[PDB]
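Student: part one of the complex, left exactly where it sits:
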Amino acid sequence: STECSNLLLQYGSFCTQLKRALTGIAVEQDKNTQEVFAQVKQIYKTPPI
Amino acid sequence: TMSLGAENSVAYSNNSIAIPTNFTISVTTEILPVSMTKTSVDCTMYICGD
Amino acid sequence: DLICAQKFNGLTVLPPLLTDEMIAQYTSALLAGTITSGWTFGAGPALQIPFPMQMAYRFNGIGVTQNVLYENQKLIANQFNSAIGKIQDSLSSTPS
């Protein structure tokens, strides 16, 4: 609905705030995976025997 | 596709060891935030003004 | 149809940056560095050491002399293998 979005524009930057917070959470999850698992920059291999 | 890192096959055997013959004194930085900006809000002046 | 109902109303799920195989490759690198080199790869270059001698270092780290390990190496290896098998059985047999 176009007029609903026009009325939503009068509420200000609420949607921008929610999108920014969720983007911060989304990059925070990837950062969490980097801190836990990406602790070595060398990919070590087990010997074949 | 992003590279995880350089492959490094460690030369493992059951009777070989690697002993360091030298060292590096390495200084690194760790930056940690401690405090924020302390803010106060006059609620009546913000909502209503005068 | 929950996922389609979420998606149709604007709620999308972004994939993780690292796939499951890349996280598994990170854990395989951590396993290979730990088994082949001990704690040395976490503090610099990976220095190879035999695993009985690494585990003897770890016994010396907990206040037990190395000869306790070297005289009981088969027993310690068997206890470790049985414990790993018990981890696999206990994880497969417990829902919680």
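Tutor: In hand now; what should we look at? Residues are numbered from 1 along each chain as shown, chains lettered A, B, ... in the order given.
Student: Neighbours of the residue nearest to residue C:73 when sequence neighbours are not counted, how many?
Tutor: Closest residue to residue C:73 apart from its sequence neighbours, by C-beta to C-beta, 6 or more residues apart in numbering or on different chains: residue C:52 at 5.6 Å. All C-beta atoms are positioned from the backbone trio N, CA, C, and that covers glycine. Using other C-beta atoms under 10 Å in any protein chain shown, residue C:52 has 15 other residues around it.
Student: residues touching residue B:18, list them.
Tutor: C:40, C:47, C:48, C:49 (C-beta atoms under 8 Å, 6 or more residues apart in numbering or on different chains).
Student: Residue C:42 now?
Tutor: A:39, A:40, C:33.
Student: Need the three-state assignment for the first one.
Tutor: Here residue A:39 is coil, with the state taken from DSSP: H, G, I helix; E, B strand; the rest coil.
Student: from memory it sits against residue C:29, does it?
Tutor: No. Contact between residue A:39 and residue C:29 fails when scored by C-beta atoms under 8 Å: they sit 9.2 Å apart.
Student: More neighbours: the two, which one.
Tutor: Neighbour count, other C-beta under 10 Å: between residue A:39 and residue C:29, residue C:29 has more, with 25 against 12.
Student: Show me what the helix or strand hosting that one packs onto, helices and strands only.
Tutor: Element membership for residue C:29 (DSSP states H and E) is helix C:20-37. In this structure, helix C:20-37 makes packing contacts with helix A:14-37, strand A:42-45, judged by 3 or more C-beta pairs under 8 Å, 6 or more residues apart in numbering or on different chains; DSSP states H and E.
Student: and residue C:71, which of these is closest to it?
Tutor: Closest to residue C:71 of the helices and strands packed on helix C:20-37, according to C-beta to C-beta: strand A:42-45, at 30.6 Å.
Student: quick one: terminal-to-terminal distance for stretch B:23-30?
Tutor: 22 Å (C-alpha to C-alpha, to the nearest Å).
Student: follow-up on the earlier one: show the subsequent helix or strand relative to the helix holding residue C:29.
Tutor: With secondary structure assigned by DSSP H and E, helix C:20-37 is succeeded by helix C:51-61.
Student: here's chain D, add it to the model above:
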Amino acid sequence: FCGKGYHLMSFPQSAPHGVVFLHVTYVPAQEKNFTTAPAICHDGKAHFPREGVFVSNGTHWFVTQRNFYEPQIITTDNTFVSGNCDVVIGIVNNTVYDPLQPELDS
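Tutor: Putting chain D together with the chains above:
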């Protein structure tokens, strides 16, 4: 916890709304291959290193500290005795020096 490597010491520095730690750590470097053994068999006795590790450059057996190559003669002062040579897997035959032996040999 205090930098990459074996931690030696650290320095604080103030920063706007924060702290910056300068972590001084020890990083091993210029490693070298050696042939190692868990124990030394001497006179029917098994000798284990008191603080180090047995290494060999190809011909001679030494005991060194683990994080820095400093080879020393395998003596009774830096090794301890536990049991015979029949139990340890990978024990090698080498002599173990006794400082009392040249004193009583003369």
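Student: Take the contacts of residue B:18 again, chain D included.
Tutor: C:40, C:47, C:48, C:49, D:31, D:32, D:33, D:34.
Student: and the strand or helix carrying the last one, which residues are buried?
Tutor: Here residue D:34, judged by DSSP H and E, is contained in strand D:18-37. The neighbour-count check on strand D:18-37 (16 or more other C-beta atoms under 10 Å in any protein chain shown) flags D:21, D:23, D:24, D:25, D:26, D:27, D:28, D:31, D:33, D:34, D:36, D:37 as buried.
Student: so which of these are also by chain C?
Tutor: D:25, D:27, D:28, D:31, D:36 (C-beta under 8 Å from any C-beta of the partner chain).
Student: could you measure the residue in chain A that chain D sits nearest to against residue C:30, distance?
Tutor: Closest approach between chain A and chain D, counting by C-beta to the nearest C-beta: residue A:39, at 9.8 Å. Applying C-beta to C-beta, to the nearest Å, the value for residue A:39 to residue C:30 is 7 Å.
Student: Spatially central, which residue of chain C would that be?
Tutor: Geometric centre of chain C, nearest residue: residue C:31, 5.6 Å, by C-alpha atoms, centre = their mean.
Student: quick revisit: could you export the ones next to chain C among the buried residues of strand D:18-37 as a markdown table, including distance to chain B?
Tutor: Shown next, in a markdown table, are those (distance: C-beta to the nearest C-beta, whole Å):
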| residue | distance to chain B |
| --- | --- |
| D:25 | 5 |
| D:27 | 4 |
| D:28 | 4 |
| D:31 | 4 |
| D:36 | 4 |
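Student: Most widely separated two among these?
Tutor: D:25 and D:36, at 25.8 Å, using C-beta to C-beta across those.
Student: wait, what's in contact with residue D:12?
Tutor: Residue D:12 is in contact with D:19, D:20, D:21, D:22, counting by C-beta under 8 Å, 6+ apart.
Student: Name the helix or strand for it, please.
Tutor: Residue D:12 belongs to strand D:6-15, assigned by DSSP H and E.
Student: Okay, buried residues for that strand please.
Tutor: residue D:6.
Student: Dump the C-alpha coordinates for that strand into PDB.
Tutor: Written as PDB, here are the backbone C-alpha positions of strand D:6-15 (Å, rounded to 0.1, in the frame of the first residue of the first chain):
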ATOM      1  CA  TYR D   6      54.000 -16.800  25.100                       C
ATOM      2  CA  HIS D   7      53.200 -13.700  27.200                       C
ATOM      3  CA  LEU D   8      56.000 -11.800  28.900                       C
ATOM      4  CA  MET D   9      54.500  -8.500  30.100                       C
ATOM      5  CA  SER D  10      52.100  -5.800  29.100                       C
ATOM      6  CA  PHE D  11      51.800  -2.000  29.100                       C
ATOM      7  CA  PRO D  12      48.600   0.100  29.400                       C
ATOM      8  CA  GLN D  13      48.000   3.200  27.400                       C
ATOM      9  CA  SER D  14      45.000   5.500  27.900                       C
ATOM     10  CA  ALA D  15      42.700   6.200  24.900                       C
END
